[PDB]
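Per UniProt numbering, the sequence shown runs over residues 1 to 36, 41 to 298.
Read the structure below first, then the notes.
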Amino acid sequence: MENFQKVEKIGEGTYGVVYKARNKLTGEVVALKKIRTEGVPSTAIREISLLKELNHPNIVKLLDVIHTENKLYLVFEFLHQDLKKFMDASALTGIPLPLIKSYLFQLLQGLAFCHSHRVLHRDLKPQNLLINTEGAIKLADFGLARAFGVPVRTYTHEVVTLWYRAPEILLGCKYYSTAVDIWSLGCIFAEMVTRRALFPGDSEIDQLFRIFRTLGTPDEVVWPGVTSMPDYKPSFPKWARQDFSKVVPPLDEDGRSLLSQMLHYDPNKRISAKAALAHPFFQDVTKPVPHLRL
Ligand SMILES: CC[C@H](CO)Nc1nc(NCc2ccccc2O)c2ncn(C(C)C)c2n1
Numbered sequence: 001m002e003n004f005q006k007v008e009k010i011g012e013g014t015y016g017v018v019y020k021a022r023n024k025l026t027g028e029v030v031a032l033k034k035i036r041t042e043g044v045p046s047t048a049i050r051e052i053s054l055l056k057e058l059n060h061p062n063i064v065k066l067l068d069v070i071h072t073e074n075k076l077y078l079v080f081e082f083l084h085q086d087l088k089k090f091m092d093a094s095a096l097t098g099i100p101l102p103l104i105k106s107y108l109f110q111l112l113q114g115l116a117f118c119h120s121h122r123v124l125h126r127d128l129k130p131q132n133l134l135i136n137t138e139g140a141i142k143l144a145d146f147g148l149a150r151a152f153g154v155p156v157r158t159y160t161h162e163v164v165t166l167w168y169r170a171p172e173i174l175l176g177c178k179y180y181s182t183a184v185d186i187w188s189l190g191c192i193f194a195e196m197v198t199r200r201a202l203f204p205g206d207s208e209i210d211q212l213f214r215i216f217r218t219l220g221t222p223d224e225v226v227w228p229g230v231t232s233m234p235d236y237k238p239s240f241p242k243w244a245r246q247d248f249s250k251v252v253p254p255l256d257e258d259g260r261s262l263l264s265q266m267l268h269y270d271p272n273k274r275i276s277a278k279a280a281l282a283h284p285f286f287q288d289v290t291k292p293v294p295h296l297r298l
């Protein structure tokens with residue numbers, strides 16, 4: 001739209017390219033996501053319009069939706085940094101536990117809200133967790149996956165990462181639940197603590213096998229109904245569960261307890277966002293400011 005001047009390429013999501021841009025009338029700086041072309045499904049327009057209404061302090065505000073020349077621009081509030089870059093800048097020191105705790109709590113609030121409206125994120129990852137100078141963190145790209153069912157490649161066919169995908173998605177479950185977001189967030193929590201991705205799979209089977217190697221190969225004892233899943237194979241190798249203090253040292257017992265509940269195989273035993281907010285790990289939660297370099 002002629003109302004915006006591009007400032008710089010922010011990046012390239014699954015659906016299209018993101019630009020930092022300035023509104024010419026009001027002068028606000030925004031992030032513009034440009035999506036491409042059949043006439044744009046009317047279904048997607050309806051669904052994306054309902055996300056305009058999903059407002060919470062821990063969700064990146066969708067300002068406006070412009071459908072033009074049968075093309076789609078999503079206008080978001082702009083944040084100055086994402087968690088992936090903040091993790092990479094904290095690589096040698098690590099993020100302080102109070103700030104990890106604060107970010108985890110805030111995202112759980114975000115998720116509890118979206119989930120109480122039956123909106124799932126579906127593709128949570130450090131690059132879509134955005135942070136500001138005031139100690140906030142926000143969920144970005146919320147509900148877009150459901151608009152048009154995400155593939156495994158982007159617009160120049162860059163790779164969509166599998167590292168945060170819940171096992172039920174990987175095993176072919178079609179009707180997965182809000183629990184998939186909790187799994188992703190657990191994966192991110194572990195990565196903040198250890199400064200290494202928990203399950204860095206480079207294919208779906210490598211992603212599944214990395215999960216199995218750490219958490220044990222799932223069976224009917226831990227996950228009733230698992231062997232009836234579309235992509236479950238009797239022939240999966242049989243790995244025993246590793247002791248869990250091995251996975252996220254030097255995280256304390258409360259954090260390890262929460263993480264373990266976030267990473268339960270069975271989506272029905274996996275902790276809900278609302279329950280997680282009441283976990284003992286957050287008894288002493290605070291809201292520190294990060295020093296950000298912009
Ligand atoms: C490539 C798009 C992703 C979406 O999570 N990055 C990103 N970074 C944002 N900000 C962080 C950032 C700042 C400066 C340079 C790159 C960069 O990603 C951002 N602010 C609003 N949005 C909307 C589209 C959600 C944003 N999206």
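Quick reminder that beta carbons are idealized off the backbone N, C-alpha and C, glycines included.
According to DSSP, is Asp288 part of a helix, a strand, or is it coil?
coil
Measuring CB to CB, does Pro171 end up less than 8 Å from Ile215?
yes
Using 8 Å for Cβ pairs, my map puts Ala140 next to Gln113. What's the rounded Cβ distance?
Between the beta-carbon of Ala140 and that of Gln113 there is about 11 Å, and that puts the pair past the 8 Å contact cut.
Kindly list the residues whose CB is nearer than 6 Å to the CB of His268, restricted to its own chain and excluding five residues on each side of it in sequence; keep chain order.
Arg274
Let me check you understand the geometry: is the CB of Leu83 closer than 7 Å to at least one non-hydrogen atom of ligand 1?
yes
Is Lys75 near ligand 1, in the sense that its beta carbon is under 7 Å from a heavy atom of that ligand?
For ligand 1, not one heavy atom lies less than 7 Å from the Cβ of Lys75.
Pick helix, strand or coil for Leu108, following the three-state DSSP scheme.
DSSP places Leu108 within a helical segment (H, G or I) once states are collapsed to three.
First through last residue of the beta strand (DSSP E) which encompasses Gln5:
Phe4 to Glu12
Would you kindly check if the distance between the Cβ of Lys75 and the Cβ of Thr26 is under 8 Å?
Taking 8 Å as the Cβ cut-off, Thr26 and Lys75 do not qualify as a contacting pair.
Ends of the beta strand (DSSP E) at residue 38?
Here the chain breaks off after 36 and picks up again at 41, leaving residue 38 without coordinates.
Does the distance between the C-beta of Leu143 and the nearest non-hydrogen atom of ligand 1 fall short of 7 Å?
For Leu143, the distance from the CB to the nearest heavy atom of ligand 1 is not below 7 Å.
Of all the options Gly43, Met1 and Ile35, which has the alpha carbon lying nearest to the alpha carbon of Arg22?
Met1 is the residue among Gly43, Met1 and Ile35 whose C-alpha sits nearest the C-alpha of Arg22.
Helix, strand or coil for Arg200? Go by DSSP, reduced to three states.
coil
8 Å contact criterion, which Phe90 and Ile135 should meet: CB distance rounded
6 Å
Of all the options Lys20, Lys24, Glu12 and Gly11, which has the alpha carbon lying nearest to the alpha carbon of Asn3?
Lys24
For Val226, collect the residues of the same chain with a Cβ closer than 7 Å to its Cβ; drop the 5 residues on either side in sequence, then sort them by chain order.
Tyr269 and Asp270
Under DSSP, the alpha helix (DSSP H) around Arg217 begins and ends at which residues?
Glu208 to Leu219
Are the beta-carbon atoms belonging to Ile52 and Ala151 less than 8 Å from one another?
yes
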